[PDB]
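S.K.: After the structure tokens below, expect a handful of questions from me.
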Amino acid sequence: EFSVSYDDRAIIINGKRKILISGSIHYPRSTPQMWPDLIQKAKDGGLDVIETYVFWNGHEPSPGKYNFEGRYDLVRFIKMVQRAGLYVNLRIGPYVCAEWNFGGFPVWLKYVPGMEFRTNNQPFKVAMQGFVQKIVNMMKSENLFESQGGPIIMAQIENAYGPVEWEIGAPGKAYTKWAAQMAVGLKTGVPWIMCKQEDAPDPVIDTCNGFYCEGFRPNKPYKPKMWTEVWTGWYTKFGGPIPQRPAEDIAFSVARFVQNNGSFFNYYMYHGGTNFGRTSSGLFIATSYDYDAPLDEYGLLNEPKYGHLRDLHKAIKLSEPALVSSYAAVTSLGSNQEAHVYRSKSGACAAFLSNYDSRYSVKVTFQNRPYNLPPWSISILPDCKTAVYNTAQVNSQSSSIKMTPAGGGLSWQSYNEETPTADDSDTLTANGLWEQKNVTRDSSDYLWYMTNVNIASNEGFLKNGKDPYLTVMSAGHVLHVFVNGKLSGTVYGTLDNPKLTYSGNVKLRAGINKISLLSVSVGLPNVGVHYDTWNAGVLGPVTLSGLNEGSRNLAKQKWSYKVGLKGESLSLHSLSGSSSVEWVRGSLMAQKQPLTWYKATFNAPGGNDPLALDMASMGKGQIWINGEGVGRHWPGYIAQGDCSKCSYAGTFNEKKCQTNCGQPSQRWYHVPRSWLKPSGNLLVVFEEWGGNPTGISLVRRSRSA
Ligand SMILES: *[C@@H]1O[C@H](CO)[C@@H](O[C@@H]2O[C@H](CO)[C@@H](O)[C@H](O)[C@H]2NC(C)=O)[C@H](O)[C@H]1NC(C)=O
Ligand SMILES: OC[C@H]1O[C@@H](OC[C@H]2O[C@@H](O)[C@H](O)[C@@H](O)[C@H]2O)[C@H](O)[C@@H](O)[C@H]1O
Ligand SMILES: *[C@@H]1O[C@H](CO)[C@@H](O)[C@H](O)[C@H]1NC(C)=O
């Protein structure tokens, strides 16, 4: 009764070939209350398919122990897409990349004996197989594959493994063949895909990802041409600018794919949303995952992009009957101009008129009619006669963002975190430096590295006014050097160069001195060959120079360790644990002091406009609302980059249209309205660096013209 197949031309759904317009919405990057609205906006946006990864590390935070509640109710999500009458592309992975913590892998999986990620490895294959089968059976049980009458029209195994293969060699090739075969073996009833996988074995369709995919061809003539990730922008990193991609360029890129036998394209992202909590964003990925998506982080329409693409879709639909019953024939129109014509025997005809010149308009003559093609544009003629649309002629009104403060400054109470000093009587120690992930298992961003340094009272520097020199090399990502109780410096890295060295004169005194290093990870790496093996934390070298002896290798002494903060162990973020301790009030409020907790109670504003926290007054830390993790803040990290003004025309790259340079990387932090009660809301902020909580203001988001 229902089926999904495919031929050289398209995916065939229930016996009908389709030109499928898709967009990505990641279920855990918004709330269940937001989903129907997001999905409805997608539908009105002209999307046929919603595409999502599955996030293993969210769904299995402990072997055998699963989570499918709240924003992680995968089944609830898929069912809401079905209710909107849209299809689903379930990209199961379970390596997913996605700028997501560890690429989606549960951290515990690293520490399974014999384990090795994304290669021909028995522990890996068992774990991977097990979870993929769990997800497929969960879907099948509720008849959620299209074959069974459900919305899922295809699924992805792995993610962009192709590049990784080339470096890993034969074991990669064997893993690829295994992953494809095992996926197909789960008998979903619908096609399987792998992205960036030139060697995908039948019957798996290999797809394309990027800014443009118009030249791409699947690895067999009898597979449709599909573009699984049309990048709508780029991620925002802490330390980085807000990257935009011009709607006119996207529409061009899409038109250019479709005109050339493309039959499936998917905006990555259609709704980017938010990296909530502390196990969502990957290495240095900002809380905001806006991606300059057609639906902004807050779920509002990103005009004009949203509309311009709605118009594109409308035009593709007018062309569809012709598109699906012919093949693209190319007629040269000029030096740098083409016609792509889909003429069926039924008489139905659709034409695409292109101008690849990035500088000049060209007048072109097609079937006796003149067409002005703006630079870097395509005109779509659904009947081969009248241009209903052109990729550079944007007929939606633009929109910009306003954040209107609402409520005011709340009453704050503080709670100072202690700066721990090692001693003779510690619990968890070793004669060397341990890698952070290994020690913390990612239970917290924080690991204290602690040691004693003995200074003999005859030391040269003691006789004079001098201070010895301390070098702390760390694999990243932030490091606070504490000497004899006091903060001595803070060094921090970038996505590209997460490595750190602190280098400074430290005032030591005769006898036993206390060094305490606060090592902080900001998400776990999520992309790269052997990215799981990359280190975090202070693995040194660590030297103390300017002594009677030459330098002293402090990696070679006894170290002690404290995982996490005490506020974490006390859950000062939840309502129960917060009022199980006692906080400072009034005048004696923690002002610009590191490692501080702050707490306040507020009423939800009225209105139906999305809400954020203005955290400009703050440094770096985490935010909770009624015990639910809003995410990490890091307004302290100023955006660095090249932010020239750009035009839509010409080959786009992620750095072309960057904005907000010399401003806080992310100032506003999304708060889902579904997280609020009318009154008595608990706002907890751990401040890592130092900030003034008073000026923390709640804000209301609208989009003007
Ligand atoms: C769109 O698809 C068809 C095939 O699916 C392409 O036409 C084929 O071109 C190949 C290689 O150049 C020929 O050997 C085949 O004989 C053609 N097949 C058929 C069935 O006609 C066509 O070129 C593609 N369109 C564009 C724009 O390239
Ligand atoms: O899949 C979602 C994310 O993909 C990321 O890039 C993946 C791709 O990166 C290429 O540079 C590389 O050649 C290839 O091996 C893949 O790893 C995107 O950069 C990211 O924005 C998401 O789209
Ligand atoms: C990892 O942790 C264990 C102690 O729990 C230790 O034996 C091992 O050497 C550590 N290795 C590192 C930090 O790489």
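Residues are referred to by chain and number: the chain letter is A, B, ... according to the order shown in the structure tokens, the number counts from 1 in that chain, and ligands are numbered separately from 1 in the order shown.
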Can you pull out the residues contacting residue 702 (chain A)? Cut-off 9 Å, using only C-alpha atoms, and skip same-chain residues under 2 positions away; I want them as a PyMOL selection string.
M.R.: chain A and resi 300+400-404+609-610+700+704
S.K.: Could you turn the residues from that selection into a file that holds N, CA, C and O atoms, as an mmCIF file, in the first residue's frame?
M.R.:
data_model
loop_
_atom_site.group_PDB
_atom_site.id
_atom_site.type_symbol
_atom_site.label_atom_id
_atom_site.label_comp_id
_atom_site.auth_asym_id
_atom_site.auth_seq_id
_atom_site.Cartn_x
_atom_site.Cartn_y
_atom_site.Cartn_z
ATOM 1 N N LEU A 300 11.659 32.522 15.300
ATOM 2 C CA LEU A 300 11.011 33.582 14.538
ATOM 3 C C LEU A 300 11.469 33.504 13.078
ATOM 4 O O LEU A 300 12.497 32.888 12.780
ATOM 5 N N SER A 400 14.789 42.842 10.978
ATOM 6 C CA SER A 400 15.896 42.881 11.922
ATOM 7 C C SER A 400 15.392 42.634 13.344
ATOM 8 O O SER A 400 14.198 42.700 13.623
ATOM 9 N N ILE A 401 16.352 42.418 14.240
ATOM 10 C CA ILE A 401 16.119 41.874 15.566
ATOM 11 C C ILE A 401 15.994 43.027 16.566
ATOM 12 O O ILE A 401 16.869 43.895 16.611
ATOM 13 N N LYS A 402 14.933 43.025 17.388
ATOM 14 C CA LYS A 402 15.002 43.848 18.583
ATOM 15 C C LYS A 402 14.842 43.019 19.850
ATOM 16 O O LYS A 402 14.047 42.089 19.884
ATOM 17 N N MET A 403 15.621 43.395 20.876
ATOM 18 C CA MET A 403 15.537 42.824 22.208
ATOM 19 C C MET A 403 15.067 43.925 23.162
ATOM 20 O O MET A 403 15.807 44.854 23.458
ATOM 21 N N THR A 404 13.804 43.833 23.597
ATOM 22 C CA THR A 404 13.138 44.837 24.417
ATOM 23 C C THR A 404 13.145 44.365 25.875
ATOM 24 O O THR A 404 12.485 43.381 26.216
ATOM 25 N N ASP A 609 6.117 36.766 22.789
ATOM 26 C CA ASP A 609 7.417 36.987 22.158
ATOM 27 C C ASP A 609 8.517 36.212 22.880
ATOM 28 O O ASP A 609 8.687 36.377 24.088
ATOM 29 N N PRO A 610 9.330 35.392 22.168
ATOM 30 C CA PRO A 610 10.432 34.654 22.786
ATOM 31 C C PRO A 610 11.298 35.500 23.725
ATOM 32 O O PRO A 610 11.354 36.723 23.596
ATOM 33 N N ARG A 700 12.759 40.546 25.637
ATOM 34 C CA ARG A 700 11.690 40.059 24.775
ATOM 35 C C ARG A 700 12.083 40.269 23.311
ATOM 36 O O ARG A 700 12.398 41.391 22.928
ATOM 37 N N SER A 704 11.330 43.261 13.460
ATOM 38 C CA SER A 704 10.779 44.430 12.791
ATOM 39 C C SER A 704 11.157 44.403 11.309
ATOM 40 O O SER A 704 11.759 43.434 10.863
#
S.K.: So that I can check the secondary structure, give me every residue of region 409-647 of chain A assigned helix (DSSP H, G or I) by backbone DSSP, as a list in words.
M.R.: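 Across region 409-647 of chain A, those assigned helix (DSSP H, G or I) are residues 436, 437, 438, 439, 440, 460, 461, 462, 463, 531, 532, 533, 554, 555, 556, 566, 567, 568, 569, 575, 576, 577 and 578 of chain A.
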S.K.: Give me the residues near residue 115 (chain A) as a list in words, where near means some atom within 12 Å (using only C-alpha atoms) and where sequence neighbours in that chain fewer than 4 positions away do not count.
M.R.: residues 107, 108, 109, 110, 111, 119, 120, 121, 122, 123, 124, 125, 126, 127, 128, 532 and 533 of chain A
S.K.: Assign secondary structure with DSSP using the backbone only, and return the residues of region 179-252 of chain A in strand (DSSP E or B) as an MDAnalysis selection string.
M.R.: chainID A and resid 192:195 205:210 225:231 233 237 242:244
S.K.: Output N, CA, C and O atoms for every residue in that selection, as a CSV table (one decimal), in the first residue's frame.
M.R.:
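Contents of the output file part.csv:
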chain,number,residue,atom,x,y,z
A,192,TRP,N,18.4,3.9,2.5
A,192,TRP,CA,19.4,4.4,3.4
A,192,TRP,C,20.4,5.3,2.6
A,192,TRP,O,20.7,5.0,1.4
A,193,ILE,N,21.0,6.3,3.2
A,193,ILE,CA,21.9,7.2,2.6
A,193,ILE,C,23.2,7.3,3.5
A,193,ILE,O,23.2,7.0,4.7
A,194,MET,N,24.3,7.7,2.8
A,194,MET,CA,25.4,8.1,3.6
A,194,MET,C,26.0,9.4,2.9
A,194,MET,O,26.0,9.4,1.6
A,195,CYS,N,26.3,10.4,3.7
A,195,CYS,CA,26.7,11.7,3.1
A,195,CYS,C,28.3,11.7,3.0
A,195,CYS,O,29.0,11.1,3.8
A,205,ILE,N,22.4,5.2,-1.0
A,205,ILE,CA,22.6,6.4,-1.8
A,205,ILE,C,23.6,7.3,-1.2
A,205,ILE,O,23.5,7.7,0.0
A,206,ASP,N,24.6,7.7,-2.0
A,206,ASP,CA,25.6,8.6,-1.4
A,206,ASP,C,25.2,10.0,-1.8
A,206,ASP,O,24.8,10.3,-2.9
A,207,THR,N,25.2,10.9,-0.8
A,207,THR,CA,24.7,12.3,-0.9
A,207,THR,C,25.9,13.2,-0.7
A,207,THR,O,27.0,12.9,-0.4
A,208,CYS,N,25.6,14.5,-1.0
A,208,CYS,CA,26.5,15.6,-1.0
A,208,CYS,C,26.1,16.6,0.1
A,208,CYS,O,25.0,16.7,0.4
A,209,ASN,N,27.2,17.2,0.7
A,209,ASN,CA,27.0,18.3,1.7
A,209,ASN,C,27.9,19.5,1.3
A,209,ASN,O,29.0,19.2,0.8
A,210,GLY,N,27.4,20.7,1.5
A,210,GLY,CA,28.3,21.9,1.4
A,210,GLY,C,27.5,23.1,1.1
A,210,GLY,O,26.3,23.2,1.3
A,225,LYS,N,20.2,12.0,-7.3
A,225,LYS,CA,21.2,13.0,-6.8
A,225,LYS,C,20.5,13.8,-5.7
A,225,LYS,O,19.4,14.4,-5.9
A,226,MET,N,21.2,13.8,-4.5
A,226,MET,CA,20.6,14.3,-3.2
A,226,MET,C,21.7,15.1,-2.5
A,226,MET,O,22.8,14.7,-2.3
A,227,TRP,N,21.2,16.3,-1.9
A,227,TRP,CA,22.1,17.2,-1.2
A,227,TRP,C,21.6,17.3,0.2
A,227,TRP,O,20.7,18.0,0.5
A,228,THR,N,22.2,16.6,1.1
A,228,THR,CA,21.7,16.4,2.5
A,228,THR,C,22.0,17.6,3.4
A,228,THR,O,21.3,17.8,4.4
A,229,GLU,N,23.0,18.5,3.0
A,229,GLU,CA,23.2,19.6,3.9
A,229,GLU,C,23.5,20.8,3.0
A,229,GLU,O,24.7,21.0,2.6
A,230,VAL,N,22.5,21.7,2.7
A,230,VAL,CA,22.7,23.0,2.2
A,230,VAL,C,23.0,23.9,3.3
A,230,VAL,O,22.1,24.2,4.1
A,231,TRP,N,24.3,24.3,3.5
A,231,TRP,CA,24.6,25.1,4.6
A,231,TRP,C,24.0,26.5,4.5
A,231,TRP,O,24.3,27.2,3.5
A,233,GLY,N,24.4,29.0,6.4
A,233,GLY,CA,25.2,29.9,7.3
A,233,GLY,C,26.4,29.1,7.8
A,233,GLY,O,27.1,28.3,7.1
A,237,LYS,N,31.0,30.2,17.1
A,237,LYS,CA,31.8,29.8,18.1
A,237,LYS,C,32.1,30.9,19.1
A,237,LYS,O,32.1,32.0,18.7
A,242,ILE,N,29.4,36.3,14.3
A,242,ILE,CA,28.1,35.7,13.8
A,242,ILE,C,28.2,35.6,12.3
A,242,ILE,O,28.2,36.6,11.5
A,243,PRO,N,28.3,34.4,11.7
A,243,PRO,CA,28.4,34.2,10.3
A,243,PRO,C,27.0,34.2,9.6
A,243,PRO,O,26.1,33.5,10.0
A,244,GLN,N,26.9,34.9,8.5
A,244,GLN,CA,25.6,34.9,7.7
A,244,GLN,C,25.9,34.4,6.3
A,244,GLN,O,27.0,34.5,5.8
S.K.: Can you tell me which residues surround residue 337 (chain A) at a distance of at most 8 Å, considering only C-alpha atoms, apart from same-chain residues fewer than 4 positions away, and format the answer as a list in words?
M.R.: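 Near residue 337 (chain A), the qualifying residues are residues 332, 333, 353, 354, 355, 356, 357 and 364 of chain A.
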S.K.: Around ligand 2, which protein and nucleic acid residues have at least one atom no more than 6 Å from it, if we count only C-alpha atoms and all ligand atoms? List them as an MDAnalysis selection string.
M.R.: chainID A and resid 97:98 160 163 234:235 527
S.K.: Compare A:438, A:705, A:405, A:524 by their minimum atom-to-atom distance to residue 614 (chain A), counting only C-alpha atoms, and give me the closest one.
M.R.: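 Of all the options, A:405 lies closest to residue 614 (chain A).
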S.K.: Within 10 Å of ligand 1, counting only C-alpha atoms and all ligand atoms, which protein or nucleic acid residues do you find, written as a ChimeraX atom specification?
M.R.: /A:7-10,214-215,217,221-225,256-262,326-331,339-342
S.K.: Keeping N, CA, C and O atoms, export the residues of the selection given above as a short mmCIF file (atom, residue, chain, number, x, y, z; two decimals), in the first residue's frame.
M.R.:
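New file again_24.cif:
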data_model
loop_
_atom_site.label_atom_id
_atom_site.label_comp_id
_atom_site.auth_asym_id
_atom_site.auth_seq_id
_atom_site.Cartn_x
_atom_site.Cartn_y
_atom_site.Cartn_z
N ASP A 7 14.77 5.80 -8.33
CA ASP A 7 15.36 5.50 -9.63
C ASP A 7 16.45 6.54 -9.90
O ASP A 7 16.81 7.27 -8.97
N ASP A 8 16.93 6.62 -11.15
CA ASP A 8 17.98 7.58 -11.53
C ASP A 8 17.50 9.03 -11.35
O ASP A 8 18.31 9.94 -11.23
N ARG A 9 16.19 9.24 -11.34
CA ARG A 9 15.63 10.59 -11.39
C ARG A 9 15.33 11.13 -9.99
O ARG A 9 15.59 12.30 -9.74
N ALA A 10 14.78 10.29 -9.09
CA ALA A 10 14.23 10.78 -7.83
C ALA A 10 14.02 9.65 -6.82
O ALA A 10 14.02 8.47 -7.17
N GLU A 214 26.24 21.34 -7.06
CA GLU A 214 25.56 21.25 -8.35
C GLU A 214 26.28 20.28 -9.29
O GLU A 214 25.64 19.75 -10.19
N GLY A 215 27.59 20.08 -9.07
CA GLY A 215 28.41 19.21 -9.91
C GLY A 215 28.42 17.75 -9.44
O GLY A 215 28.88 16.89 -10.18
N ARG A 217 27.53 13.92 -8.27
CA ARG A 217 26.82 12.83 -8.93
C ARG A 217 26.88 11.61 -8.02
O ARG A 217 27.94 11.29 -7.51
N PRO A 221 24.54 5.36 -11.64
CA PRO A 221 23.56 6.07 -12.46
C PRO A 221 22.11 5.86 -12.02
O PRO A 221 21.24 6.67 -12.34
N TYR A 222 21.84 4.77 -11.28
CA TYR A 222 20.48 4.40 -10.88
C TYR A 222 20.15 4.87 -9.46
O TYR A 222 19.20 4.38 -8.85
N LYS A 223 20.94 5.82 -8.94
CA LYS A 223 20.67 6.46 -7.66
C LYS A 223 20.33 7.92 -7.91
O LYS A 223 20.98 8.58 -8.72
N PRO A 224 19.33 8.50 -7.21
CA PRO A 224 19.01 9.91 -7.38
C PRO A 224 20.13 10.78 -6.81
O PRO A 224 20.92 10.32 -5.99
N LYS A 225 20.19 12.03 -7.28
CA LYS A 225 21.15 13.03 -6.82
C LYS A 225 20.51 13.80 -5.67
O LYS A 225 19.44 14.39 -5.86
N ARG A 256 20.65 25.94 -8.68
CA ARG A 256 21.72 25.42 -9.50
C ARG A 256 21.81 23.90 -9.39
O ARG A 256 22.24 23.23 -10.33
N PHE A 257 21.40 23.35 -8.23
CA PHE A 257 21.39 21.92 -7.98
C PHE A 257 20.18 21.29 -8.68
O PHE A 257 20.32 20.40 -9.51
N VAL A 258 18.98 21.80 -8.36
CA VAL A 258 17.72 21.38 -8.96
C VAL A 258 17.77 21.42 -10.49
O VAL A 258 17.25 20.52 -11.15
N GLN A 259 18.38 22.45 -11.08
CA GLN A 259 18.34 22.62 -12.53
C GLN A 259 19.18 21.53 -13.18
O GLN A 259 19.04 21.25 -14.37
N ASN A 260 20.05 20.93 -12.37
CA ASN A 260 20.99 19.94 -12.85
C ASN A 260 20.66 18.58 -12.22
O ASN A 260 21.51 17.95 -11.58
N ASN A 261 19.39 18.15 -12.37
CA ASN A 261 18.95 16.81 -12.04
C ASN A 261 18.93 16.52 -10.53
O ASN A 261 18.73 15.37 -10.14
N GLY A 262 19.12 17.55 -9.70
CA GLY A 262 18.95 17.43 -8.26
C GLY A 262 17.48 17.17 -7.90
O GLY A 262 16.57 17.77 -8.47
N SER A 326 11.00 14.19 -16.82
CA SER A 326 12.04 14.45 -17.82
C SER A 326 13.42 14.51 -17.16
O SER A 326 13.57 14.21 -15.98
N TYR A 327 14.43 14.89 -17.94
CA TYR A 327 15.79 15.02 -17.43
C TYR A 327 16.32 16.38 -17.87
O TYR A 327 15.84 16.91 -18.87
N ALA A 328 17.30 16.92 -17.15
CA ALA A 328 17.81 18.24 -17.47
C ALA A 328 18.59 18.20 -18.77
O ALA A 328 19.56 17.47 -18.88
N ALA A 329 18.15 18.96 -19.77
CA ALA A 329 18.88 19.20 -21.01
C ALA A 329 19.48 20.61 -20.98
O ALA A 329 18.78 21.58 -20.65
N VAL A 330 20.76 20.72 -21.32
CA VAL A 330 21.45 22.00 -21.21
C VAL A 330 21.64 22.64 -22.60
O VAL A 330 22.13 22.00 -23.52
N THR A 331 21.21 23.91 -22.72
CA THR A 331 21.46 24.75 -23.89
C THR A 331 22.26 25.96 -23.41
O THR A 331 21.83 26.67 -22.51
N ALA A 339 20.63 27.57 -20.27
CA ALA A 339 19.27 27.15 -20.05
C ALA A 339 19.27 25.67 -19.67
O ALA A 339 19.96 24.88 -20.30
N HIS A 340 18.53 25.33 -18.61
CA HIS A 340 18.31 23.95 -18.20
C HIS A 340 16.82 23.65 -18.38
O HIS A 340 15.99 24.25 -17.70
N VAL A 341 16.52 22.76 -19.33
CA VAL A 341 15.14 22.62 -19.76
C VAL A 341 14.68 21.20 -19.47
O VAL A 341 15.37 20.24 -19.80
N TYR A 342 13.49 21.10 -18.86
CA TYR A 342 12.82 19.85 -18.58
C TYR A 342 11.54 19.78 -19.40
O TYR A 342 10.50 20.29 -19.00
#
S.K.: Would you mind listing what lies within 7 Å of region 265-275 of chain A as a PyMOL selection string, with only C-alpha atoms counted and same-chain residues fewer than 2 positions away left out?
M.R.: chain A and resi 20-25+29-30+226-232+263+277+280-281+287-291+293-298+631
S.K.: What's the 8 Å shell around region 49-59 of chain A, counting only C-alpha atoms, without same-chain residues fewer than 2 positions away, as a tab-separated table (two decimals) with N, CA, C and O atoms, in the first residue's frame?
M.R.:
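Wrote it out as result.tsv, contents follow:
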chain	number	residue	atom	x	y	z
A	20	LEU	N	11.91	16.52	-3.49
A	20	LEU	CA	11.73	16.72	-2.06
A	20	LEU	C	12.55	17.91	-1.55
A	20	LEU	O	13.77	17.95	-1.68
A	21	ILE	N	11.83	18.89	-0.97
A	21	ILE	CA	12.38	20.05	-0.29
A	21	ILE	C	12.38	19.76	1.21
A	21	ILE	O	11.32	19.55	1.81
A	22	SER	N	13.59	19.75	1.79
A	22	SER	CA	13.82	19.34	3.17
A	22	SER	C	14.52	20.45	3.98
A	22	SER	O	15.16	21.34	3.41
A	23	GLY	N	14.41	20.38	5.31
A	23	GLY	CA	15.17	21.26	6.17
A	23	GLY	C	15.41	20.62	7.53
A	23	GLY	O	14.57	19.84	7.99
A	24	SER	N	16.55	20.94	8.15
A	24	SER	CA	16.96	20.32	9.40
A	24	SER	C	16.37	21.06	10.60
A	24	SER	O	16.42	22.30	10.66
A	25	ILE	N	15.80	20.30	11.54
A	25	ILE	CA	15.39	20.77	12.86
A	25	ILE	C	15.80	19.72	13.88
A	25	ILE	O	15.31	18.59	13.85
A	26	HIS	N	16.72	20.08	14.79
A	26	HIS	CA	17.22	19.14	15.77
A	26	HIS	C	16.35	19.16	17.03
A	26	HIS	O	16.35	20.16	17.76
A	27	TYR	N	15.63	18.05	17.28
A	27	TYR	CA	14.65	17.98	18.35
A	27	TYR	C	15.18	18.53	19.67
A	27	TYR	O	14.49	19.32	20.29
A	39	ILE	N	7.57	23.31	13.24
A	39	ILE	CA	7.25	22.40	12.15
A	39	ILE	C	6.25	23.08	11.21
A	39	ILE	O	6.39	22.97	9.98
A	42	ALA	N	7.92	25.54	9.00
A	42	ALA	CA	8.57	24.73	7.96
A	42	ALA	C	7.59	24.42	6.83
A	42	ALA	O	7.89	24.61	5.64
A	47	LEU	N	8.46	23.30	2.92
A	47	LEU	CA	9.27	22.11	3.12
A	47	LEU	C	8.37	20.89	3.06
A	47	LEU	O	7.22	20.95	3.50
A	61	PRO	N	23.02	8.38	28.56
A	61	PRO	CA	24.08	8.98	29.37
A	61	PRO	C	24.80	8.01	30.31
A	61	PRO	O	25.55	8.43	31.18
A	66	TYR	N	18.49	4.73	29.44
A	66	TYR	CA	18.10	5.55	28.29
A	66	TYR	C	17.29	6.78	28.70
A	66	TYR	O	16.72	6.82	29.77
A	67	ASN	N	17.27	7.80	27.83
A	67	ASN	CA	16.49	9.01	28.05
A	67	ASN	C	15.75	9.35	26.75
A	67	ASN	O	16.37	9.51	25.70
A	68	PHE	N	14.42	9.44	26.85
A	68	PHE	CA	13.56	9.79	25.74
A	68	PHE	C	12.46	10.72	26.24
A	68	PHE	O	11.34	10.70	25.74
A	72	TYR	N	14.09	15.30	24.52
A	72	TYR	CA	14.72	14.11	23.95
A	72	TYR	C	13.69	13.04	23.59
A	72	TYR	O	14.07	11.92	23.24
A	74	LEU	N	12.28	11.70	21.05
A	74	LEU	CA	12.47	11.53	19.61
A	74	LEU	C	11.15	11.15	18.94
A	74	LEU	O	10.79	11.73	17.91
A	81	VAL	N	5.91	15.84	13.23
A	81	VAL	CA	6.21	16.07	11.82
A	81	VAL	C	5.14	15.39	10.96
A	81	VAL	O	4.61	15.99	10.01
A	86	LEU	N	4.34	16.15	6.93
A	86	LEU	CA	5.67	16.20	6.35
A	86	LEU	C	6.37	14.84	6.51
A	86	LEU	O	5.99	14.02	7.35
A	87	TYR	N	7.42	14.64	5.72
A	87	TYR	CA	8.23	13.44	5.83
A	87	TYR	C	9.42	13.67	6.76
A	87	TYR	O	9.72	14.81	7.08
A	88	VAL	N	10.13	12.60	7.13
A	88	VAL	CA	11.32	12.71	7.97
A	88	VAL	C	12.50	12.01	7.28
A	88	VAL	O	12.33	10.93	6.73
A	89	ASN	N	13.67	12.66	7.32
A	89	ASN	CA	14.95	12.02	7.02
A	89	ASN	C	15.67	11.80	8.35
A	89	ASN	O	16.21	12.75	8.90
A	90	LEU	N	15.65	10.56	8.87
A	90	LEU	CA	16.25	10.28	10.17
A	90	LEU	C	17.73	9.91	9.99
A	90	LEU	O	18.07	8.85	9.46
A	91	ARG	N	18.60	10.83	10.40
A	91	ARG	CA	20.03	10.66	10.24
A	91	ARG	C	20.54	10.10	11.56
A	91	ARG	O	20.74	10.86	12.51
A	92	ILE	N	20.64	8.77	11.63
A	92	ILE	CA	20.77	8.16	12.94
A	92	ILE	C	22.21	8.27	13.41
A	92	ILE	O	22.46	8.48	14.59
A	93	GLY	N	23.15	8.15	12.47
A	93	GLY	CA	24.56	8.21	12.78
A	93	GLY	C	25.08	6.83	13.14
A	93	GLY	O	25.12	5.95	12.28
A	94	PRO	N	25.40	6.58	14.44
A	94	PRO	CA	25.21	7.56	15.50
A	94	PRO	C	26.34	8.57	15.71
A	94	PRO	O	26.21	9.48	16.53
A	96	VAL	N	27.50	11.86	14.46
A	96	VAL	CA	26.55	12.80	13.90
A	96	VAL	C	27.26	14.12	13.57
A	96	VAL	O	26.75	14.88	12.77
A	98	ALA	N	27.56	17.52	13.81
A	98	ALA	CA	26.46	18.39	14.22
A	98	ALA	C	26.91	19.51	15.15
A	98	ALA	O	26.05	20.14	15.75
A	104	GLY	N	28.39	13.33	19.23
A	104	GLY	CA	27.20	12.60	19.61
A	104	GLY	C	27.51	11.34	20.41
A	104	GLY	O	26.59	10.78	21.00
A	105	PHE	N	28.78	10.90	20.40
A	105	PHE	CA	29.19	9.73	21.17
A	105	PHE	C	29.05	9.99	22.67
A	105	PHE	O	29.40	11.06	23.16
A	106	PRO	N	28.53	9.01	23.44
A	106	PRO	CA	28.54	9.07	24.90
A	106	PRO	C	30.01	8.98	25.32
A	106	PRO	O	30.76	8.21	24.73
A	107	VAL	N	30.41	9.77	26.32
A	107	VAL	CA	31.81	9.85	26.73
A	107	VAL	C	32.26	8.50	27.27
A	107	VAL	O	33.39	8.08	27.02
A	131	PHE	N	22.74	0.40	19.37
A	131	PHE	CA	21.96	1.62	19.47
A	131	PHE	C	21.20	1.87	18.16
A	131	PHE	O	20.04	2.27	18.22
A	266	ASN	N	18.30	19.71	1.33
A	266	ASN	CA	17.93	19.91	2.72
A	266	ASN	C	18.75	21.04	3.32
A	266	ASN	O	19.98	20.94	3.39
A	279	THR	N	26.03	19.36	27.81
A	279	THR	CA	26.41	18.21	27.00
A	279	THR	C	25.72	18.32	25.63
A	279	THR	O	25.32	17.31	25.06
S.K.: Please return as a list in words the residues found within 9 Å of ligand 3, counting only C-alpha atoms and all ligand atoms.
M.R.: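 With only C-alpha atoms and all ligand atoms and a cut-off of 9 Å, ligand 3 is contacted by residues 428, 429, 430, 432, 433, 434, 435, 436, 437, 438, 439, 535 and 539 of chain A.
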S.K.: Within 6 Å of residue 690 (chain A), counting only C-alpha atoms, which residues qualify if same-chain residues fewer than 5 places away don't, as a ChimeraX atom specification?
M.R.: /A:592-594,619
S.K.: Go ahead and dump the residues you just picked, N, CA and C atoms, as an mmCIF file, in the first residue's frame.
M.R.:
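As a result, again-v5.cif now contains:
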data_model
loop_
_atom_site.group_PDB
_atom_site.id
_atom_site.type_symbol
_atom_site.label_atom_id
_atom_site.label_comp_id
_atom_site.auth_asym_id
_atom_site.auth_seq_id
_atom_site.Cartn_x
_atom_site.Cartn_y
_atom_site.Cartn_z
ATOM 1 N N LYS A 592 32.388 41.080 40.741
ATOM 2 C CA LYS A 592 33.537 40.937 39.858
ATOM 3 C C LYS A 592 34.537 39.915 40.413
ATOM 4 N N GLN A 593 34.028 38.923 41.153
ATOM 5 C CA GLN A 593 34.828 37.896 41.806
ATOM 6 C C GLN A 593 34.624 36.547 41.120
ATOM 7 N N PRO A 594 35.723 35.831 40.775
ATOM 8 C CA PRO A 594 35.647 34.527 40.107
ATOM 9 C C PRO A 594 34.954 33.420 40.901
ATOM 10 N N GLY A 619 30.594 37.154 32.688
ATOM 11 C CA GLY A 619 31.895 36.771 32.164
ATOM 12 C C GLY A 619 31.836 35.487 31.341
#
